[PDB]
């Protein structure tokens, strides 16, 4: 696996878990539940990248524990309607965490990125940012969204891109443009299909999470 691509440990349990959401017979309730469990694993892996400092912790009864304090401020940012699914996993790990939104698409007439919606913390330049997109297929949207974050002052080495599954094409595209962004993914699949879906993939993540 390439530099700055962090793959969840491919345990027997993780493969069994991914097998549930991949299986085309898995219905929406189970698809949502188990996707949410995977999303929490991605968030935990991404949080393992953040810095800490040693700290003495006072425990009840007058005892001291040699512990640690978190040094990173965090927020999540979702980018397509499908990334919204990931917000709950993030908020189950990071209490009341801030979550922003970037909705950005190539302008059909000028072929340049164009922003449809933005909501970000006012101090986002001082934060680590978990970019939330469940499927890294081509990486088109995620690359446009990172450019917005960088324009808003976010440090390149404080952006972590969480996704359930990635294709090699998207990893390559994204890393060619943003080689210091860490990609946290739960699986790297084979290729894309002609509609740019990941293969073997899991069908349409957003449709399965929300509608079908």
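Residue numbers count along the first chain shown, from 1.
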Averaging CA B factors per stretch from the PDB record, which one is higher: 169-177 or 39-47? 169-177
Take the C-alpha B-factors listed in the entry for 192-200 and for 17-25, compute each mean, and give the stretch with the larger one. 192-200
Note to self: of 58, 69, 155, 66, the C-alpha temperature factor tops out at 155
By the record's CA B-factor, is residue 92 among the lowest, middle or highest third of residues in the chain? lowest
Sorting the chain's CA B-factors, does residue 124 end up in the lowest, middle or highest third? middle
Rank-wise, by C-alpha B-factor, drop residue 99 into the lowest, middle or highest third of its chain. lowest
Quick one: classify residue 134 as lowest, middle or highest third of the chain based on its Cα B-factor. middle
Test of reading the entry: by CA B factor among the chain's modelled residues, which third contains residue 32? lowest
